[PDB]
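Heads up, the thing below is written out as structure tokens.
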Amino acid sequence: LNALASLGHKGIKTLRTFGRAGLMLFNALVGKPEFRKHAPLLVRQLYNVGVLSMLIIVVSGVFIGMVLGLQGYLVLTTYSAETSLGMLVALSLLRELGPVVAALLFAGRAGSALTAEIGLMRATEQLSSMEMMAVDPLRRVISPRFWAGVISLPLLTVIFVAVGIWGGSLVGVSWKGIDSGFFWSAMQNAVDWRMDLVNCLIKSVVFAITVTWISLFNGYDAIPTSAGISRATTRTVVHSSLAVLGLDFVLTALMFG
Amino acid sequence: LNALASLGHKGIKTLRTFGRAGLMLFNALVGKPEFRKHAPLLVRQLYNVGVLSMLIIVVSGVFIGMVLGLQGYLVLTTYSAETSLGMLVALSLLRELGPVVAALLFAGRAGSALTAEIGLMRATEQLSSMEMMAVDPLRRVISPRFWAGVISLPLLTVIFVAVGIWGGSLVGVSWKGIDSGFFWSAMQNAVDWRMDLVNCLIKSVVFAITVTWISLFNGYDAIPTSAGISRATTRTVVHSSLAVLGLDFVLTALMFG
Amino acid sequence: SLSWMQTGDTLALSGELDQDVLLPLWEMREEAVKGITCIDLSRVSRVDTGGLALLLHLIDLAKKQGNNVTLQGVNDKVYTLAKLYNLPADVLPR
Amino acid sequence: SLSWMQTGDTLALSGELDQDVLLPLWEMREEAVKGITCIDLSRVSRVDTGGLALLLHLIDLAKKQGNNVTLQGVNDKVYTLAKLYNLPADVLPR
Amino acid sequence: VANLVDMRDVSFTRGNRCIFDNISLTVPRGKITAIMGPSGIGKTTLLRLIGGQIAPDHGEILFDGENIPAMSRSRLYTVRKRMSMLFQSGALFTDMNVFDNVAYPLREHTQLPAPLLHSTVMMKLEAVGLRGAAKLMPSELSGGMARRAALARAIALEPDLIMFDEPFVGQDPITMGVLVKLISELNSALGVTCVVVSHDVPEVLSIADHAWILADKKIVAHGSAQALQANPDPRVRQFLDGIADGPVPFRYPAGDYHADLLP
Amino acid sequence: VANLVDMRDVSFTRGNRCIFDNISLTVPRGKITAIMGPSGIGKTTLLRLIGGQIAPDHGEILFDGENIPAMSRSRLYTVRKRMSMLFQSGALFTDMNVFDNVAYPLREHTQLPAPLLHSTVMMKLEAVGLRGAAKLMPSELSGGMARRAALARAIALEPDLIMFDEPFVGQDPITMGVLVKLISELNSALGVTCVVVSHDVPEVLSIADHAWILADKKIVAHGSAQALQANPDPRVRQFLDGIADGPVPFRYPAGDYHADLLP
Ligand SMILES: CCCCCCCC/C=C/CCCCCCCC(=O)O[C@H](COC(=O)CCCCCCCCCCCCCCC)COP(=O)(O)OC[C@@H](O)CO
Ligand SMILES: CCCCCCCC/C=C/CCCCCCCC(=O)O[C@H](COC(=O)CCCCCCCCCCCCCCC)COP(=O)(O)OC[C@@H](O)CO
Ligand SMILES: CCCCCCCC/C=C/CCCCCCCC(=O)O[C@H](COC(=O)CCCCCCCCCCCCCCC)COP(=O)(O)OC[C@@H](O)CO
Ligand SMILES: CCCCCCCC/C=C/CCCCCCCC(=O)O[C@H](COC(=O)CCCCCCCCCCCCCCC)COP(=O)(O)OC[C@@H](O)CO
Ligand SMILES: CCCCCCCC/C=C/CCCCCCCC(=O)O[C@H](COC(=O)CCCCCCCCCCCCCCC)COP(=O)(O)OC[C@@H](O)CO
Ligand SMILES: CCCCCCCC/C=C/CCCCCCCC(=O)O[C@H](COC(=O)CCCCCCCCCCCCCCC)COP(=O)(O)OC[C@@H](O)CO
Ligand SMILES: CCCCCCCC/C=C\CCCCCCCC(=O)O[C@H](COC(=O)CCCCCCCCCCCCCCC)COP(=O)(O)OC[C@@H](O)CO
Ligand SMILES: CCCCCCCC/C=C\CCCCCCCC(=O)O[C@H](COC(=O)CCCCCCCCCCCCCCC)COP(=O)(O)OC[C@@H](O)CO
Ligand SMILES: CCCCCCCC/C=C\CCCCCCCC(=O)O[C@H](COC(=O)CCCCCCCCCCCCCCC)COP(=O)(O)OC[C@@H](O)CO
Ligand SMILES: CCCCCCCC/C=C\CCCCCCCC(=O)O[C@H](COC(=O)CCCCCCCCCCCCCCC)COP(=O)(O)OC[C@@H](O)CO
């Protein structure tokens, strides 16, 4: 049939897109450490990825914690359990909202800016002129941006959870008048260091590897035109959000199932 | 002081950016109806905005409903209340997750593709060559894309809630073994048409006006270079996500407070 | 400003062959090229590409139901347009 | 392959003024231009831009602590590079 | 009026950079007028003053006797049907294949049937030599031919004035030879007044009847082709010959040596 | 070896389109060699075969006697220090102001102190006339001058071969006159072998010693400048003069009339 041959044609060129992505990350992270040449390159990329993402993370964390504090108050006040609001807000952020929503906003703001940057460096032949100076662009361009994304999303997640807990107490204690001794002490003996704090960090490291690898590859593999770069920037947001939400279900069934 | 004069300088040019955005939407939507010329233009834009966004909406809705069904099962099974899982899943989607998460994915996929499209039409002088043929580009280009975004985000939200409820029952009934007569009947007398179904549609229309207006203006006001278009595409995702989450708190305090 | 009057076998046009005033003469086809053998065209002011395409459709109609059709009276600027648009000799004679 | 030997007031260089073999002669400054009045340079093979910049720094050092410094023995291809790089007459004599 | 376009004494500013202090130029009817100059002077802004886009700061632009900056919006749209503009990109819409690009102004301001619209667009596409390319999309057009397809769109409404914005730029000698043949043919037939803005001196001077050289913000020279190859001005002779050094210096304005050479 | 570059019998394919069937060309040492041809033939791929980028399908490229496609990765990186390439964009890094662009290969393969690196870059920036522009960023560079700043970066490691990829394209006559003066000066001094790929015929032939014309996928003509302006081939004469019609037809391959003219 002429339909089965076209489906197997797209199934072959999907296999060698996964193979091109495995060769790009392997040749970027392996060989000849160079701790002194790459240390100024890491600090500049840690500004573009991490510092420039703090506005969308701090402002979104306060609003999300305030919605959680308002919506969880109306549920718990039926059963006279509204002193357990701090346990509800902190646990629903350390699982499933701190890791996930900070990864979806990292993929839209820093993941789009990384695909657009690398695809612009191939449209202006900057990566080909680095190979002519006998400098490997996979070690010099790709790998400082990889480690800047793996470092900065775990650091942005812990800021998201901190200002989200503060926004939840801002509704519960300050506006609704829950006793603040009951609010904070019910939270402190419900949050465990192993089941809650460590499992929040494992999720945000798995998400940081996935979002950064997808975002760096879609710029490196883009068609170097002004319309082909914009098509690859949209492809990062779709592939990162389907992979964050898909991996979030598998890690929820493992850690808390 | 030389700092107060620079702050008032940025406070003036922020006022006339809000004024340029109000003039762009007013001159696009007002005057000489033209129902026959714009009806083929609406159907093509309803493909780019609506049909091409169905993959990120259907796949994300199933995963989010499955995480809600798994995480809400472990809470309710302590108090022997696990037949109320369908009430918990449906109400937490009709408020605060159906409207919000479908608007954040609409802003990343369709909002980025609308800023990139219009800014490319100014970089190649297509909007200036339409004014030379005595065709107003605000009525011919901007306004069919506005109504396609206001129509398609309420339609994508109701698909998100439908496949999210199905994914929640897929965990509760099929995997965990809750009685399916108890599951569905507890949902049906908890969901009201006015407090839940109508309030879901009001939120997704307010979000559809805001996301589309931000996304169309940032392409129309972009600096028409290959680096200035990519800067405006990132600006859409930040401004839409801070406005969706900010308006979500104000509408939650009104509707359910 | 475009009117046509028939004298048996001539279809003497008069006025201007602009694009806007040709909708009467377009929607009077097969009723004006009945027994026409010649198109006079000596009393037209100027002609553009929209009017020249109507002239190609009248000669095509008056050939399929009849003879080879002749012309006269042209302005010798209808011939510069047929030079530019590269029209073959069988769709516009001489 | 670049060695230097001093004969009181001459700093006769020998070898090649490439970019790589100049780190000894760079880190022996103020110790080789003590009482130098003339730089011989008649026994150098070829010179590039990195070696020519070292030559500008020796004449600058041997002028601030002493006389005006003369040269000889050049290859007349050090003068085509000073023509291209537009060097003024006070930083490279004659 | 013998002059179709008549800029009286025009000034323009972009933020705080001054372009065109007090220029004055006339475009005769039926002739090809060239405007040449260096490659950063912003001379594509000159076609946007004539076209009824961004207003001047001080001056008077007359299209056939009527002032374009002092003109209503509805009066501007019916005057803009008399002039056309060919942009440097060949500004084609990126959907709508080459037939639908040429037929776009003919479906907007005309009442023609579906025949006589098929015949009109096929005649316009043949005058530029792209009748076989009628079903290709503009992304497959090999952009020397995108300027020819956007020239068939420009002659669709039979204008009086076509403004060309750098037709010969980055183009091969065969492609430049085609475009010189087309501008000469559309001026012999159809009597169109052409205004060409460029910095390709030997191609433009082979067709122009009157050139205007815009070296600084003034209008420092004008004349015919033979009367410009005998002008003795130093600023004019550097541009028309391609001298590396002159009143536009080869060296950037720098400091001195012996402070960066020997810091 | 008298020939620095020697392509024996090279073939290349991009997917299923064939470029360069069986070409053969030599680059003499110390001379300027031109490669000219039409504007869609993919002749910038010719500089990527020489540069040790994408491999041919069948052939032999010899850089000073050594085969580049049959060469190790570590052998390729130490040979690539002998050749340089100037891209059409002037491929400058978009951070790192003009001083840091020129000094970038000198901080990578050299051991020079912080003096003698300041003096070397200031001498290289003066040979192209941009010593005053040493602190500007490349976004402020007015891209005729971005090709001059990327020429100072190319002569930093003192190469044996510089490959120019369309130096004169979309450029003003004064800017083309500067670049012709610089390629002539860097060949008189420094003895560099230059390979220029272009389609600007009168500028390139004023400096080239041997030209090669690539009309179809073959290498249809070569010779000196005077020996090419007397060649009688029809494909050669259309390119060198700019004839609108010839073996490359002005009309697209179309159907016939009387089916779209009168459908
Ligand atoms: C004699 C007469 C007798 C009369 C007696 C009458 C009265 C008797 C009862 C009264 C009512 C009892 C009130 C109950 C109040 C307590 C309710 C409460 O605190 O729930 C906590 C919520 O945390 C939770 O996991 C819920 C946390 C996660 C929430 C899920 C995230 C929400 C969003 C989904 C993500 C979408 C994807 C991301 C979006 C893009 C569970 O913490 P927990 O204590 O269990 O400890 C943790 C460990 O044990 C796991 O359970
Ligand atoms: C592809 C490119 C690769 C780039 C790699 C990038 C960097 C990779 C990680 C960086 C730091 C990770 C921070 C995570 C901190 C959490 C580490 C941690 O302590 O968790 C332990 C389990 O971890 C676990 O299940 C295993 C979970 C940790 C894995 C999370 C990252 C997954 C990918 C990691 C791949 C590399 C790993 C190489 C290892 C050979 C729990 O034991 P713990 O003492 O607390 O009490 C045990 C008690 O319950 C009974 O004794
Ligand atoms: C320590 C723990 C380590 C665990 C390790 C587990 C390993 C997890 C692997 C992740 C791979 C992520 C790779 C990225 C794949 C992202 C998926 C994807 O590419 O998206 C679409 C397909 O979606 C799809 O069919 C649906 C795609 C699925 C999304 C990926 C899910 C990740 C795994 C979750 C599975 C849960 C199963 C639960 C079973 C109960 C493509 O369509 P589309 O042409 O429009 O493109 C747009 C453009 O081409 C428009 O022309
Ligand atoms: C004699 C001896 C006596 C012994 C007696 C002993 C036992 C006695 C009690 C036992 C325990 C009782 C079990 C309680 C089970 C019932 C729990 C339940 O169903 O909760 C529903 C959850 O819906 C809800 O609003 C919660 C819905 C919204 C959830 C919030 C969204 C989560 C995420 C946040 C968004 C972030 C931004 C978006 C992320 C980017 C509330 O529905 P409800 O019925 O109230 O009707 C709606 C209206 O009345 C408003 O409340
Ligand atoms: C800027 C460009 C503007 C473009 C405009 C784009 C399109 C604008 C709307 C389209 C359709 C909206 C669908 C909304 C459907 C919901 C409409 C609806 O029925 O809701 C009513 C309230 O609404 C309300 O609070 C008011 C809420 C509805 C507003 C939601 C959209 C906000 C912006 C709307 C602006 C235009 C409005 C022009 C009106 C003059 C409730 O009463 P209901 O009978 O159920 O029982 C009452 C019972 O409780 C006692 O009698
Ligand atoms: C029927 C109901 C109708 C209700 C109607 C209510 C009206 C609601 C108005 C929404 C306006 C939305 C306009 C979009 C504004 C989006 C805000 C924004 O622009 O983002 C940043 C500022 O954020 C900020 O300071 C914080 C910005 C606030 C975000 C906007 C919130 C919307 C209103 C929520 C307020 C809740 C108050 C609750 C009080 C208890 C800009 O920084 P930044 O230079 O990096 O730019 C990036 C680039 O320039 C990098 O160089
Ligand atoms: C720390 C540990 C955690 C690490 C987590 C690791 C996860 C991250 C790894 C790699 C991602 C890097 C990027 C990989 C490539 C990005 C995903 C990809 O393959 O791209 C397209 C998706 O195809 C698509 O239909 C999506 C196709 C399906 C995606 C595969 C689903 C996930 C794997 C389930 C197996 C299914 C097998 C069948 C099930 C039995 C294929 O382009 P296509 O051909 O259209 O060409 C046209 C044009 O779009 C580009 O050529
Ligand atoms: C409910 C909210 C809770 C409180 C929230 C408080 C607000 C959020 C706090 C911290 C996040 C700030 C992150 C710090 C970012 C600092 C990093 C930075 O400087 O970024 C530059 C500007 O960034 C910037 O957009 C400047 C960032 C501005 C931060 C937004 C302040 C808005 C305040 C007025 C809004 C009125 C609304 C109503 C308020 C009552 C970008 O240039 P770039 O590096 O490329 O080059 C350099 C050259 O261009 C900069 O001159
Ligand atoms: C259906 C009903 C619901 C409809 C909902 C309506 C909501 C949607 C309306 C308009 C959005 C359309 C786009 C408007 C413009 C987008 C937002 C905007 O103003 O842009 C930048 C944000 O400035 C910024 O610092 C963000 C500045 C603050 C944003 C204002 C917060 C929201 C309003 C709170 C008032 C605060 C006053 C003080 C509090 C007392 C300013 O660019 P800037 O100058 O940097 O130039 C440099 C370069 O970035 C562009 O020139
Ligand atoms: C848990 C999941 C729950 C079930 C989820 C089921 C999957 C999701 C269902 C419906 C959404 C599909 C939306 C339909 C989109 C149809 C619209 C469409 O045709 O879009 C074109 C392709 O789109 C496309 O990426 C083709 C879309 C492909 C849809 C993805 C199917 C992946 C199946 C294999 C994955 C293996 C993973 C493991 C599975 C066991 C884009 O071209 P464009 O219009 O510009 O021009 C035309 C010319 O280019 C097209 O030839």
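All Cβ positions, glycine included, derive from the backbone under ideal geometry; neighbour counts span all protein chains shown. A short reminder: the numbers here are calculations on the coordinates, not readings from a lab.
When the P(r) of the protein assembly as shown is calculated, the portion above 40 Å amounts to 61% of the C-alpha pairs. Restricting region B:175-229 to trypsin sites (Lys or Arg not before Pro) that sit in a DSSP loop and have at most 16 other Cβ atoms within 10 Å of their own Cβ leaves B:176.
With Cα atoms defining each centre, region E:152-168 and region D:18-54 are spaced 66 Å apart in the structure. For residue B:255, the distances from its label point to the matching points in the remaining copies are 2.9 nm, ordered from shortest, with each point set 7 Å beyond Cα toward Cβ.
In the elastic network of chain F, a GNM with C-alpha springs shorter than 10 Å, the most mobile of F:176, F:96, F:71 is F:71.
Rounded to the nearest 500, the helix-only mean residue ellipticity at 222 nm of chain B stands at -25500 deg cm²/dmol, with each DSSP H run of n ≥ 4 adding -39,500 (n - 2.57).
Take residue B:17, move 7 Å from Cα toward the beta carbon, and the resulting point lies 3.5 nm from the same point in each other copy, nearest first. With the convex hull drawn over the C-alpha atoms of region D:2-85, the volume per residue is 84 Å³.
Note on chain B: with a GNM built from Cα contacts shorter than 10 Å, the maximum mean-square fluctuation among B:39, B:243, B:102 falls on B:39. Peptide B:106-115 has a mean of 4 when you count, residue by residue, the C-beta atoms of other protein chains within 10 Å of its C-beta. Between A:40, A:224, A:99, the residue with the greatest mean-square fluctuation in the GNM of chain A (Cα pairs under 10 Å linked by springs) is A:40.
DSSP beta bridges confined to chain F are antiparallel in about 50 percent of cases. Considering only C-alpha atoms, what is the centroid distance from region B:127-200 to region A:36-107, in Å? A separation of 25 Å, based on Cα centres.
For the rotation carrying F onto E, the chain F residue whose Cβ lies nearest the axis, with the distance in whole Å, reads F:170, 2. Legend: residue pairs B:13/E:43; B:37/E:135; E:135/F:43; C:77/E:181, Cα-Cα distance threshold 26 Å; pairs beyond threshold, B:13/E:43; E:135/F:43.
Label-point spacing at residue A:170 relative to the other copies reads 3.7 nm, in ascending order, each point sitting 7 Å out from Cα along Cα→Cβ.
Counts of other chain beta carbons within 10 angstrom of each beta carbon in peptide E:170-183 average 6. Roughly what % antiparallel, to the nearest 5, for the DSSP beta bridges in chain D? Expressed as a percentage, antiparallel bridges in chain D total about 45.
Which of the chymotrypsin sites (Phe, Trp or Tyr not before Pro) found in region B:1-73 are loop residues per DSSP with 13 or fewer other Cβ atoms within 10 Å of their Cβ? For chymotrypsin sites (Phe, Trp or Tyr not before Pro) across region B:1-73 that sit outside H, G, I, E and B with at most 13 neighbouring Cβ atoms in 10 Å, the list reads B:35.
Per-residue mean of foreign Cβ neighbours for E:81-91 is 4 (Cβ atoms of other chains, 10 Å radius).
Of the trypsin sites (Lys or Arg not before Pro) found in region A:1-105, those in coil by DSSP whose Cβ has at most 12 other Cβ atoms within 10 Å are A:36. Which angle between 0 and 90 degrees, to the nearest 10, do you get for helix F:173-188 versus the longest principal axis of chain F when only C-alpha atoms count? The two axes meet at around 60 degrees. Would you tally the net charge around residue A:204, using a Cβ to Cβ cut-off of less than 14 Å, leaving residue A:204 out, and scoring K and R as +1, D and E as -1? Here the charged neighbours net out to -1. About its Cα centre, the protein assembly as shown has a charge dipole of approximately 1260 debye under the convention of +1 per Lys or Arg Cβ and -1 per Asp or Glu Cβ, with nothing else charged. Taking a straight line from the alpha carbon of residue C:63, these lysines sit under 21 Å away, with near neighbours fewer than eight places off in the same chain left out: C:34. Region E:177-232 and region E:1-47 have Cα centres spaced 14 Å apart.
Calculated mean residue ellipticity at 222 nm for chain F: -6000 deg cm²/dmol, from DSSP H runs with n ≥ 4 weighted as -39500 (n - 2.57), summed, divided by the residue count and rounded to 500.
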